[PDB]
Each structure stands twice: as structure tokens, then as C-alpha cells.
Amino acid sequence: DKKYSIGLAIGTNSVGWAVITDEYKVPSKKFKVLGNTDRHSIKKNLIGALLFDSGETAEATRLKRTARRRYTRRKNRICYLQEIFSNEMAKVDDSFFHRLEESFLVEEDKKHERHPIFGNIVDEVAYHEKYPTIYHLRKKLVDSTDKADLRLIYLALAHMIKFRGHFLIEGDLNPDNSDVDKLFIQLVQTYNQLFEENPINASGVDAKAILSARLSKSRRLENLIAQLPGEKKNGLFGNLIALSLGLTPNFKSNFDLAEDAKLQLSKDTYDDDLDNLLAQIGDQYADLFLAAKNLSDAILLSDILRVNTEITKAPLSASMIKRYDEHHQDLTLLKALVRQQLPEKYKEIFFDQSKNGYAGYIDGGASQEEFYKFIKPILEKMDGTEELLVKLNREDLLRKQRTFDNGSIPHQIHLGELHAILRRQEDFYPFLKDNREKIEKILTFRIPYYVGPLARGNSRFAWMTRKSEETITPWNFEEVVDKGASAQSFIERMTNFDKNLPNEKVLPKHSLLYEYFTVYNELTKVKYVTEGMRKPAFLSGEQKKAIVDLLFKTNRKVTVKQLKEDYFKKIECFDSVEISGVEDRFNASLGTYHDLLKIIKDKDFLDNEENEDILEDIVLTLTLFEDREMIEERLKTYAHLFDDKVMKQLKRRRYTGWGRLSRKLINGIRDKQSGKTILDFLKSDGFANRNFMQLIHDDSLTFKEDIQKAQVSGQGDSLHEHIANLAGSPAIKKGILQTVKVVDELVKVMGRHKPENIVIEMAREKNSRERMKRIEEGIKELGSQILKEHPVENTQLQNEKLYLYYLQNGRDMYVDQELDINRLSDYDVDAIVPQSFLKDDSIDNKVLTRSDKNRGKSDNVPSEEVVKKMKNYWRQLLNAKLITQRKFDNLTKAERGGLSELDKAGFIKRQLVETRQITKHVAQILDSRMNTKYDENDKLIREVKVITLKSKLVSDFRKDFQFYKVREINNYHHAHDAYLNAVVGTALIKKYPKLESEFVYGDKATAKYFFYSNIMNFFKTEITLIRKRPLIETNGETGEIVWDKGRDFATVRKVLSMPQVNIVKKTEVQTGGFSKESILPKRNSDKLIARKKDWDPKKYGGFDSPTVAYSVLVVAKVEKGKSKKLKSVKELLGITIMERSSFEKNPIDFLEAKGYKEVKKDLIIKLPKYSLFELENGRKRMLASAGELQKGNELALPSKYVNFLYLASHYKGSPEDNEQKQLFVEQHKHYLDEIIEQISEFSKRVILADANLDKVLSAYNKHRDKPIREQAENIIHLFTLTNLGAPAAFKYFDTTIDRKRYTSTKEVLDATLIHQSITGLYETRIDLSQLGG
RNA sequence: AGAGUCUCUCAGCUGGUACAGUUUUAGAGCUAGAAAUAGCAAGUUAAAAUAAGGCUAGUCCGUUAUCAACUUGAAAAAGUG
DNA sequence: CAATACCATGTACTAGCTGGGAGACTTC
DNA sequence: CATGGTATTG
Ligand SMILES: [K+]
Ligand SMILES: [K+]
Ligand SMILES: [K+]
Ligand SMILES: [K+]
Ligand SMILES: [K+]
Ligand SMILES: [K+]
Ligand SMILES: [K+]
Ligand SMILES: [K+]
Ligand SMILES: [K+]
Ligand SMILES: [K+]
Ligand SMILES: [K+]
Ligand SMILES: [K+]
Ligand SMILES: [K+]
Ligand SMILES: [K+]
Ligand SMILES: [K+]
Ligand SMILES: [K+]
Ligand SMILES: [K+]
Ligand SMILES: [Mg+2]
Ligand SMILES: [Mg+2]
């Protein structure tokens, strides 16, 4: 009998809720209170907001999981090696591997001698004197022919296997394969071969030192080009060198090309970009473009190998030894220099670990970069440091061997030294000869990504299947693991099934049948009309077939121009024809047909339908698999059909991506009477030319019937599962589930009566590192030198104007002029589509220009004149990916007619009608839970209307009727937003029931522009642009009242003024990492936690700062003093995340191990983070941990102070209304003192931070002569003192007030504990003072 | 609304791999002093751990999601104002 | 104790699938 | 970043 509606505000950290009646009033009930206190009930307003910490994604958990596997597998590699060495090492040294295992232990805990390698000090000291680094020993074992100690052989091989290098380069690799000098001359060889008239004199050019110099790519290009007179860097030879150096040269101008041949070897799409370039100028230049790829491999290896390969087979280890020797020489020189010239600074540089000198660089925590910054002025100030300063700016001064840049090293280089050492010593140790390939396999073998974890039924992540049930090793992997089935399962466990045929897997996106389907589906809706024709006609089956054979099978893309001339003129003899159903060019194309035509060069083979299954199977293999060996294995059934050259070219062709329909749907099932498949109808369908949508929905065909029969709906998801499968951030998905739980409780509160309406609004939704990468790639592709002229860091790009300055290459976007980086404050940021139409404030709709006036007119998109002169410059930014296609399309829309009136109408509509898919899902979830009954026609009975609104409706409502929000005052605005949503939503559909189609879930341009722009005017009494409306607005047809402008605004004002709002902070057990990850040094402190069971932190260091999973109230006795007399206690024990499983398995045994005796087991209270306690005078506290509290109260500032703070701070309409607001501020200037008074009384009652409050009062009394706006702006900051939750720092003007913390939880042990339901309407209060023996 | 296609873009989820960093130990400090300390020499490398750990013992698993209280119940859940 | 201060693992490469948003062609 | 852990200093 009692009718009501529900308003909801779904956020990432909050769910606001409110209940309203017919009169837009919020009810209030007496709610029973449970527990052991005086209070049996409490009065609650039916409005509030649930607060919760953000839901986290799974990414961090995944990165730690895979890192965990890599540590386990890296250890296994060492275990494999030691198992091979086991028997023979036992003869040489029967405890060598035992000393390595216990190297970490202190001598007290060591069971063997403390020197690992040899077991005595004399041999150990001699080893280090001969091999100061591991790379000295590695080089010796590679070069020497003498028999070596088996322990030194193990150390070298283990070092290579434990740190084996990356796997980014496929195939084999030998140093001196790519000598820069010998690969540069080969480039000059093949260049002068193709250009006999224009040759290059490369004599006297030291190509080795110029290209391998540790300089920037462009500088080395300029250096080499400077050595070639009459040759410019943008010429052909310069573009080849630039391609070898890794730049992005554009070969268009070299070969007078129409297509832009922009090449970069680094991209995976290169070898196709070469063939596009090779198709235009021929294959004679393939020798040239291949000689450059070789030279690039030489220059890359020259970065790693800085040593002449003709003296050693260990160029990497020799290069590390080169680091060591120059480090030794330069350190000797630096010490001698500093001792003579600056003797007083010597102790600071070489002894003080706290400083970034050499001591802090070797012993302290100073990095190479910090060390260079500390010592660069010291070298500049002294004399004789010129060579050291050169090495510093090359980042080659006093280098270590284990460094951050060693990620460049490929595993083939470590393998080369490993293989060489095995070759040297297998002559002396027979077991090395028999295990040479095994040891090499330990280094080279990696688990394929398409195989995954090698589990045996206990991994929810694994999909691998085994050919035989036995332990998988690197040597039996091919025999035990079914790589074929595993790699197939890797994709097929992720790919969609056909929704129409749920048992049929979807075709590959690049399958020939799929592209035939996409072309014929688009082609069948084309229409044409000529002179003699009465009306436009479809294309017949013969015409479509002719268009496919003549155009689609001869051109990769088919434009409309080609359709008019190459078919309608050549075949139909039409001089003029109008085409509909396609613009500019056809979207679909037969790309795979042309890919295979170039590879196999047999057009008749591709056109013969008998080969359809073979070609579909080939593309499937090329799509399913990425490993070229597995691809070759699958294609070997067709080896008899193609030459070996074609089979090799077929292997290289790989496809990714899957379509959305299955082969059985496209060309499998047949219409019963016609006997035709879907594709058959697309090829020919009389004169109806039905397409895919029409065919599967036509009742005169059997396709629709077979689709319904094939549907198989399985087990239903739970609510949580269904929400987890929604497409959205895990953060917003947390709010969605909480929203459903809130509604369930609100319905139970109303006696299981369902509401009339549910109105929902859903808020709209490192980063600087991506911005630098977007500009680096952009400027490099652009070829600009703006980063050379103006360097920048990633953090600076967070400035909106500077980020736009670089994305625009330092130029005005509307004028062909360059901008001044030091004058960005004078320039303007302009919206491409005006913000009055499109509320988009992203970089994608913004532009940096000198003056926004130059955009043209301000009521539309940039003018045609700007487009005519800036289109070429914008397209360069687009190709440089400095602007998106959408940004380019909006910038150029005026040449396509600009913003039409329909576009403006849609823009206003999209400001008010929510169309996000995630909001429709939330509406569908609530709608399906509320409406479950069906009527006589078996159609759903919609008792509950689920309405979705956008935030702009209420925010406009708040500003138009002075119901302002100030988020920093308290959390009430989340609840107030929900209330206003219910009021505005219900009143909107009451006034206009026709709008239910646009706002309720379930199944002229100037007119709609006017209509949707004036839709919210029925709330207003007068409307300028200067009409007037009645005081009472009613529905036109029903006559029912929807809004009373003399009594309903007062109701809304009373609701927003109610001080009692149910703000509930969701209590949550803390999960995640055990503690801080930092491995601290040893110290005498019980805070340290052992990193391993037997690693006493007093000897070994460890962790501290553990996270408390939840606190536990313990009432027990503890032993006291030397006598151990039992003493009754009541205290909070924080159970850490690491301790949680032990505590929950047996709580009494866990507590007794902590010291507690006679634990009152039934009085143990689980207290998660944010547990609520009430003390005296309404003061509340929340549990931050076991030893710290948070603020637990809300400051219910009266509405008059909130509205004043909004208007005074300029948180705005007609000028006279602005002056009225300005007059109201100065008339009520005394509100500033009353606001401070409200803060002071609240703070003295519940905050209890005497020093901070006195500091606040002094700061306010200090700036009383400041402007009212500035005082009001800084009063907003003061509410951080009174905000709910963790104390935080804030500054009033220029005075900073650090947070006052609640560093003790003793007082809550005698306070009242409050258990709240999700809405806080149901409470259980426990007087904890009644506990304690 | 829904569906297929084209172009661009953003996010979610899974797998494979590398480089550092840190921690303890090893890399004989010397000399003058009873010591306190001073003067000087030296430094670049390595082993091992990298969530404690778990049983299911795999070259597997261990940081996401989900969680007021109470009554049942082993739990799964349901119920309670 | 209270006030105060300091601290917090990071980078790089790479193979996929799925979904959301924007504009456009065709449809139910 | 933010805020809970930790030590230091009175
Ligand atoms: K109602
Ligand atoms: K990754
Ligand atoms: K010992
Ligand atoms: K070099
Ligand atoms: K030159
Ligand atoms: K250091
Ligand atoms: K190191
Ligand atoms: K098109
Ligand atoms: K593939
Ligand atoms: K053959
Ligand atoms: K300006
Ligand atoms: K959690
Ligand atoms: K030492
Ligand atoms: K939990
Ligand atoms: K709760
Ligand atoms: K990706
Ligand atoms: K996409
Ligand atoms: Mg481990
Ligand atoms: Mg290390």
C-alpha cells in the first residue's frame, strides 16, 4: 500500500541511495537495535551512501605469479646442471655444491668451510687475484686450451645459465657474422651496382667507428653523411643508413613514389611494408634493402660487443673486462687527480657512503646516474679530467659489469661462450662431451607461451596436455608435451563460438570464405541508376560475380571510381551512373586472396572450388599457430602441391584475428526448399538481394528455424559471476554488485514491497610514461628535432598545454606557424567540436592554438579555410599517431558539410540519454531481478521501471535551483545525488510518459534540438529564451500532478538539510602482500621478519611493516614479570596476512603461542579494517589497524553554509543573477566566522587535535584581510581536518598543517562497537566495557 | 535497441622471457699506537633468497574477485528487525 | 606518552583472446 | 599517491 521509489548513484568508491515517496519526501523509520546496550531502537532517515576502497584489477597479482614461476624455473636450470656435474664433482670436491648452497649463512651457521670455491683462504684469494670478475674466468675458459678445475668450469657455465639473456632474436647468431666495416662496404657494393652513373667514393671512411659510436642515431647518420661529399642524409644511401641505424626513413622521394614507403626495421609489420615498396620499384632493389638489414644487425651487436672479434671467441666477456680495466685505470687517475687538486674532498668522495660519491656508488645506494650527477661538477672544476668528462657524457665512466643496460644481451651470445667452454673442456672430461647438447639445451630451452605452465591437474591457469605421463624436462619436452594440442587449446579456450550456432567455432578473420562472405554481403546491397532506368536496381547474380572476378580479384581495394569505369563503362557501356550503398571505396576486400596469389602464383588454383577445403585449412593453420616450425609441420600434408620456394613463403605468412560467424552458418546449412546456403543467397537472390540480417530473419526460409533449434543455453551464472563477466573496470564492477545488495536490503526494509521506479546514475571515469612514448614514437616517425631543441621529462607532460605543444610538433594547430614553448600561458586550448555540443575534455577533442579566434566561428567545427590550409599538416600528425583518426575527422568535418542540425540535435540528446553498455547491463540486472511475472500474452510485467540518467541532469538541476554540492565538506553529496536522481527521474517520466522509451529499460532536427534543450524547463517558473510557466505542472493526458513549484522545492531543501545521513564505510579484511617488500639489513628489533624459516633477522635482516588482515579482541591473561604471575588483560591483536591461515586453523593455539593464557574463546571478536566504535559525546572512531584509529564522524554543515561556500569560492548565468549571488555573499560575510565556529565546535567534540585546531584558528585570524573568494577557497581545505577517515595533511593559504594521528586503540576496548548492515539501517551495538575479567 | 562489415581507439584476462635492485656470506686490508684513533691502501665480482611457505609433489600452487552481526549448519547456505 | 619525520621494488620485451567507445556502409 | 609501520626525539 505504501508506494516509494529508489535513487542510486553508482561510483567507483561509493554507492549512494535514497528512498522517496509520492511527494518526493524521504521516509524515516524506527529500526530495532541489537546487542547489549540501553538502546533498543533508533530513528533512521532512508537515505545514505556506502563507501568502499577501490576494487583492484588482477594485473599486479599476475605479474607476481609469473615472476614466481621464473624464479622456480631459474632454480631448476641450476639444479639440472648440478645433477649433471654430480658424480664427477664428487671426485674433485665432495662438498663444493654444499658450500654454494650455504654461502648465505653466517660462519656460525655454516657446516662447511667459509670459502665457497676452494674451501681454503689461500686458494680463494688466489682465484680473485687472477679472476677479479666472473668474465675474466669466462674468457679464460673460452680461449685457453689447458685442462681446467671442474669447479671453475661449473661456475662459468652456471653463471651463463642463471643469467642467460633474452630471446628476442630468432635463429642463430655468430659474432663477426655482422662486421660493421664489412657490412657497410657490402652496402656500398650493392648500391654502386644499381647506380653505375651515380657511385659513392667510400675510401677513407671509417664506417666501423662512426656507426658503432655510442651516439644518437641521427648524429651518427650526420657523421657518416658528412664523410660522403655530394651525398645528403635524405638521399637514397642516407635513407638506407638511416634505416640501418633504426630510424624511420621515407623512401617515397628516393624512388618518385605515390605510396609513402615509410620503413622501420623495428616494427613487426616491416617485411610487408618492404614488399609494397618492392612491388613499385621492382626486385632489383631487394639486394639493397637486404644489405641494410644486415648492417642494422651489425650496429646493434656493436652496442653490446665493443671488442675486436679476431682476438677472442668471448667478445662479451672481453667487453666486460674492458669495462673493468678502464674502470681501474680511470679510478687510479681520478684518485690521483683529486688527491693533488682537491685533497679536502677526498674523504667525502671515496669513504662517505651517505654521499653520491664513489663510496656511495660502490657501497651506498647511489646509482650510476646519481654518481655521474654528483661527480660531473667535480670533474669540470679540476684540470686533466677532459677524457673522464668525455666518458661521463657517453655514459661510459667507471662502469660496473652487472648493470641495467645488460638487457640488450641476446642469449645467443651467452650460448656462444657456453658452447666454446664445453668444446674446450670436453676433451678432458668425458661427461661434458656426453652432456654438451644437454647443457646447451638448459640454456636455450624456454617454455613456449602457447604451452603455459607444465601442470598436472592443480593449476586453474594451465591448459597443457601431455603425450605421455612423465616428468617434463628441457630434453624430453618435444616428446612428452603435445605442443600441437597445447598450442591449439591456447587459442580455442579463448575464441568465441558462433552465437547463431553455439556449437560451431568461429572462422578465422582472414579465411577466404569469410572474406567472400563480407564482400558479397556488402555488394548485394549496392544499387545503381542510369538515364533510361526508371528506378535504381540491385546487382544481379551475374553482375556481382562479374564485379568480383574483374575488380575484387584484381585489386586489393575496389573504389567506386573503379566500379563506374572498370565495370559499368567497360562492360555495361554506361557513361554516367549513380551508385548507392557504398561511399568512396568498398569496406570489404579479398585481402587473403591477393596474399596467397602473390605466394603461390596460381590464380586458377585459387579459383578452383575443389581447393576450398585446402585453402581454408591453410589459413586456419596460419591463424591458429605462430611458431614457424609448427606451421611448417601442419602444412607438410600439402607439400606435394607447391614448390619448396612457395612452401617457404607460405610459412612466413601468418594471420591473427577471428571473425564472428562460423563456416557452418556462412556456407554450411541450407534452406530446405531452395537448397542454398547463406553465401549462395548473397551470390544470387533473384531481385530481392537479401543480406545476412534479412536471410536469418526471413520466415519464408529455414535459416531462422535452424538458428533457434541450435540454441543451447546452459547453466546460469550467479549474480557475482554475471557481474564479473561484464565488460568494465573491476572498480566499477565492485560498485555494481554493491548496488544490487543495497537494493535488496532497501526492499526488505519496505516490507518486501517493490518500488515504483529505480533511478540509477553511473559516474563517468604511469600515465605520464605513456605520454612520453606517444611523443617519442611520434617525433621519430615525424623526423622532427624538437626533443633535441627542447628536452622534457615524463612528469612535465601532465601539463595540458605542454603535452599539446609536443603532440603538435611545436606548431599552431589552426595556423601554419610555430609556437613558443616559453609562451604557453598566452596561448589557448580549444575544443574541436564545441563543448556546448560535445562534453569532451580529452586530448582527442582539444587543440593548442595561439588564439582560438583563428578557429573561425565558435558555434561549429573549425572553418573550411582552416581545413584547406592545415589538412596536410594534420595528416602528418595523424600518420605520426600524434592525433587520432577521430581527432582528424572532427578537425576536417567542415569540408564534409560541417556540423549538421541533426548532429547538434544528437549531441544534446546524448548529453541527457545514457547509452553506455555498462549502464544498460546494470539496468538489465535490476530489471530482471524486480520484474519476474508474465501476463496473458506471456510478455514481461514491468512493475518496476528502471530509469537511467546522466549526471548532467541533476548537476544542472543543482545549479539552476541552488542546491549546490561541495564534495570536500563531507560524504553526504553521494546520498544527496541519489535522492535528486530519484526526484528528477520520477518527475521527468511522470511529466512525459512518452520519454519512457528513451529512459526506461525494456522493449525536424530543429524540433528535437529545441525539445531536448528545453526538456528540463517544466521545473522552472520563468524561462528566458522570456516565457513563463504555471506554479503547478501536471501531466497533460492523465491530469496527475508531477511538480508543485511552491511546495516541492521546499521538500528537496528539507531533505538536503537533514543532518542524519547513513554514511557507511564498508569494513574489509585486508589482503595482498604480506608486508613491505624491501629487504632490510640486520638490526636488533622484533619488528623484523625472517625471509626464511631459519634466517634469524638479527643475523640476516628481513622484512618489517606487515599488513594486518584483521584485528582480534582478546580477553585473556598474560604472564607478568619474572614470576610469570597471571594478569587479566583486554587488548587488540593484529592478525597479519601471513599469520591469518595459522590463526584461523586453531585460534586458541595461535593465541597461546603469542603469550595469552585462559583465552575467553567466546569473547573473541573479529574486527576488520574500518570497524566502527562510538565513544563519548557522539565521537566515533574507525579501526585503521590494531594500533591506529581513523576519524569516524561526519560534519553535517548546515545547507546555508554549504551554499555560501559554493557561491563565495566560485566553485555562472546572467549578469544580474551573478550580481545577486555576489550581493548575497557580501551580505552574509559573517558566515565565515560561523563556519569556523561550526568547525571548531565539531573539532573540539570529536576530532581532538588541540595543536592543529589552534593552528587553524591562528591561520584564519591571520588572513582575515584576504579576499572573500580566497578565504572561502581555503576554508574548503579546512574540512580535511574534519573529514571522515584517515587523517591527512592540508594547508590553509601558505600555512601547512600536518596530520594528527590516533596512534592508540586502547580507548575503543571500552567503547561501543557498532556492526552495521550494508545500508547502516540495521545495527548491532556492543558495549565493550562489559568485557574484561 | 540488436546484428555483420570497415577505420581508429581504450580497457579486461591469460601465457612466455630478460635486466637490475636488495639482503647475508666470500673476495687475507696495511701501518703507527696499550687502546682511543690517525695515515694510507682497497672498491667493479660471486653464491644464495626474492613473498613465510603448501600438498596435490606438479619444472604445480601462494598478493584479483567476494566478506556487518546473530541463529541454525561441518560447511554450502538459508533465516532474523 | 606527543610531535615529528621518513619510508614504501623497478624496468624491459613479447604471444594471444575478449569486450567497451567513436565515425561510417548495410540490415532486423 | 596515500596512509599505515617504524624509529627518533623529546
Ligand atoms: K513513488
Ligand atoms: K606481461
Ligand atoms: K663453522
Ligand atoms: K660501441
Ligand atoms: K655530405
Ligand atoms: K650503489
Ligand atoms: K650487483
Ligand atoms: K567506405
Ligand atoms: K597466427
Ligand atoms: K613439391
Ligand atoms: K590565454
Ligand atoms: K580483497
Ligand atoms: K668482505
Ligand atoms: K576474504
Ligand atoms: K558492514
Ligand atoms: K596486447
Ligand atoms: K576492438
Ligand atoms: Mg620459492
Ligand atoms: Mg644480483
Side-chain angles (χ1 to χ4, degrees), chain A residues 31-32 34 55-58 60-62 64 66 68 70-73 76 100-101 103-106 114-116 121 124-125 128 132-134 165-168 323-324 327 362-363 399-404 406-407 446-450 452-456 458-459 461 471-473 490-491 494-496 518 521-522 525 581-583 587-588 626 656 660-661 691-694 697 720 724 727-730 884-886 889 917-918 1003 1067-1069 1071-1074 1076-1079 1081-1082 1087 1089-1093 1099-1101 1104-1105 1138 1168 1184-1185 1188 1286 1298 1315-1318 1322 1324:
Chain A
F31 282 95
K32 183 180 187 183
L34 306 173
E56 296 177 344
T57 70
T61 301
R62 166 163 50 86
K64 277 143 183 169
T66 59
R68 237 146 47 211
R70 271 170 271 123
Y71 280 137
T72 293
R73 294 158 180 176
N76 289 324
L100 290 190
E101 181 180 6
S103 67
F104 189 84
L105 301 180
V106 298
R114 64 190 188 97
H115 299 96
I121 183 153
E124 207 80 8
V125 173
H128 289 271
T133 73
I134 181 59
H166 66 72
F167 291 82
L168 308 182
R323 289 190 187 179
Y324 177 85
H327 186 138
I362 302 297
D363 295 321
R399 289 267 279 165
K400 305 178 187 177
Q401 287 70 72
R402 303 300 298 273
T403 51
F404 57 96
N406 290 339
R446 61 197 288 249
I447 307 183
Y449 65 87
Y450 55 78
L454 313 181
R456 202 172 70 177
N458 295 125
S459 170
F461 309 99
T471 296
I472 300 167
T473 69
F490 166 73
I491 294 295
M494 302 189 293
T495 52
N496 272 325
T518 62
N521 201 45
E522 178 177 6
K525 287 311 179 185
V582 55
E583 304 308 306
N587 292 322
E626 187 260 352
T656 67
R660 302 197 56 84
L661 311 174
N691 68 344
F692 178 64
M693 265 295 103
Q694 286 166 319
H697 279 140
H720 181 208
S729 75
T884 60
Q885 187 91 47
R886 167 175 176 262
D889 289 356
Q917 194 69 30
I918 189 64
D1003 295 7
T1067 66
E1068 287 181 331
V1069 175
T1071 62
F1074 289 156
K1076 287 187 175 183
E1077 299 180 330
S1078 295
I1079 300 176
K1082 70 185 182 190
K1087 304 296 178 181
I1089 302 169
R1091 298 174 55 235
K1092 232 65 172 171
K1093 177 187 173 182
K1099 304 181 191 131
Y1100 301 106
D1104 71 357
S1105 305
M1138 194 173 75
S1185 62
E1188 185 164 335
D1298 202 11
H1315 291 289
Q1316 301 181 280
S1317 60
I1318 190 176
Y1322 301 109
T1324 304

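Naming: A, B, ... by sequence-line order, numbering from 1 per chain.
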If we call a positive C1'-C2'-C3'-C4' torsion north and a negative one south, what is the sugar of [N]?
{"N": "B/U66", "result": "north"}
{"N": "B/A38", "result": "north"}
{"N": "B/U56", "result": "south"}
{"N": "C/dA8", "result": "south"}
{"N": "C/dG20", "result": "north"}

For [X], which contact category applies under a 4.0 Å heavy-atom criterion: base, sugar-phosphate, or nothing?
{"X": "A/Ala1184", "value": "sugar-phosphate"}
{"X": "A/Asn496", "value": "sugar-phosphate"}
{"X": "A/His327", "value": "base"}
{"X": "A/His166", "value": "sugar-phosphate"}
{"X": "A/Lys400", "value": "sugar-phosphate"}
{"X": "A/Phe167", "value": "sugar-phosphate"}
{"X": "A/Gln401", "value": "base"}
{"X": "A/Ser729", "value": "nothing"}
{"X": "A/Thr57", "value": "sugar-phosphate"}
{"X": "A/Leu34", "value": "base"}
{"X": "A/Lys1076", "value": "base"}
{"X": "A/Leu105", "value": "sugar-phosphate"}
{"X": "A/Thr1324", "value": "base"}
{"X": "A/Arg402", "value": "sugar-phosphate"}

For nucleotides 54-63 of chain B, 5' to 3', base contacts (B), sugar-phosphate-only contacts (S) and non-contacts (-) with protein non-hydrogen atoms under 4.0 Å give --BSSBSSBB
Per-nucleotide protein contact along nucleotides 22-28 of chain C, 5' to 3', at a 4.0 Å heavy-atom cut-off (B base, S sugar-phosphate only, - neither), is -S-SSBS
Whole-Å distance separating the [atom1] atom of [X] from the [atom2] atom of [N]:
{"X": "A/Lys1092", "N": "B/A51", "atom1": "NZ", "atom2": "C1'", "result": "9 Å"}
{"X": "A/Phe104", "N": "B/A49", "atom1": "CZ", "atom2": "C1'", "result": "6 Å"}
{"X": "A/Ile491", "N": "C/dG16", "atom1": "CD1", "atom2": "P", "result": "7 Å"}
{"X": "A/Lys1099", "N": "B/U25", "atom1": "NZ", "atom2": "P", "result": "11 Å"}
{"X": "A/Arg70", "N": "C/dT14", "atom1": "CZ", "atom2": "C1'", "result": "12 Å"}
{"X": "A/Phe31", "N": "B/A68", "atom1": "CZ", "atom2": "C1'", "result": "15 Å"}
{"X": "A/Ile1318", "N": "B/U66", "atom1": "CD1", "atom2": "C1'", "result": "12 Å"}
{"X": "A/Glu124", "N": "B/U25", "atom1": "CD", "atom2": "P", "result": "16 Å"}

Report, as yes or no, whether the 6.0 Å neighbourhood of atom NZ on A/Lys1087 holds more than 12 heavy atoms from other residues, nucleotides or ligands.
no
Considering residues, nucleotides and ligands other than A/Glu101, do more than 12 of their heavy atoms fall under 6.0 Å from its CD?
no
Below the 4.0 Å mark, does [N] have OP1 or OP2 next to a side-chain nitrogen or oxygen of [X]?
{"X": "A/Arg660", "N": "C/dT18", "result": "no"}
{"X": "A/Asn406", "N": "B/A18", "result": "no"}
{"X": "A/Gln917", "N": "B/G2", "result": "yes"}
{"X": "A/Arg62", "N": "B/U14", "result": "yes"}

With rounding to whole Å, what would you report as the distance between [N] and [M] at their [atom1] atoms?
{"N": "B/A46", "M": "B/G27", "atom1": "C1'", "answer": "9 Å"}
{"N": "B/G62", "M": "B/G16", "atom1": "P", "answer": "11 Å"}
{"N": "B/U9", "M": "B/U22", "atom1": "P", "answer": "40 Å"}

Decide if a Watson-Crick or G-U wobble pair links [N] and [M], counting it only when both distances are under 3.5 Å.
{"N": "B/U31", "M": "B/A42", "value": "no"}
{"N": "B/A46", "M": "B/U25", "value": "yes"}
{"N": "B/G21", "M": "B/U50", "value": "yes"}

Nearest listed nucleotide, side chain of [X], among [options]:
{"X": "A/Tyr449", "options": "B/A49, B/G81, B/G16", "answer": "B/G16"}
{"X": "A/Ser1185", "options": "B/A20, C/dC13, D/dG5", "answer": "D/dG5"}
{"X": "A/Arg1091", "options": "B/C19, B/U44, B/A49", "answer": "B/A49"}
{"X": "A/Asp1104", "options": "B/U45, D/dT6, B/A52", "answer": "D/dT6"}
{"X": "A/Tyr324", "options": "B/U44, C/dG19, B/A69", "answer": "B/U44"}
{"X": "A/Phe490", "options": "D/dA7, C/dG16, B/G81", "answer": "C/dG16"}
{"X": "A/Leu168", "options": "B/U64, C/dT14, B/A26", "answer": "C/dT14"}

Does B/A65 adopt a syn or an anti glycosidic conformation, taking syn as a chi angle within 90° of 0?
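Anti.
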For B/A68, which nucleotide is its Watson-Crick or G-U wobble mate, given both distances must be under 3.5 Å?
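Because no pair has both required distances under 3.5 Å, B/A68 counts as unpaired.
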If we define stacking as six-membered ring centres under 5.5 angstrom apart and planes under 30 degrees, are the neighbouring bases [N] and [M] stacked?
{"N": "B/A20", "M": "B/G21", "result": "yes"}
{"N": "B/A51", "M": "B/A52", "result": "no"}
{"N": "B/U71", "M": "B/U72", "result": "yes"}

Any luck finding a side-chain donor-acceptor pair between A/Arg70 and A/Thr66 under 3.5 Å?
yes
Are A/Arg323 and A/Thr403 close enough that a side-chain donor and a side-chain acceptor fall under 3.5 Å?
yes
Check this for me: does the side-chain of A/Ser103 come within 3.5 Å of the base of B/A48 through a donor and an acceptor?
no
Range-with-range stems of DNA chain D (Watson-Crick or G-U pairs under 3.5 Å, three or more in a row):
C:4-8 with D:3-7
What is the minimum heavy-atom distance between [X] and [Y], and which atoms define it?
{"X": "A/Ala588", "Y": "A/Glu522", "answer": "N-OE1, 2.9 Å"}
{"X": "A/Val1069", "Y": "A/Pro1168", "answer": "N-CB, 4.0 Å"}
{"X": "A/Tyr1100", "Y": "A/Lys1082", "answer": "N-CB, 4.2 Å"}

Stacking between A/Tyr71 and B/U50, defined as ring centres under 5.5 angstrom apart with planes under 30°, is that present or not?
yes
Identify whether a stacking contact exists between A/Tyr1100 and B/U24, where the ring centres must be under 5.5 Å apart and the planes under 30° apart.
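So no, this residue does not stack on that base, at least one cut-off failing.
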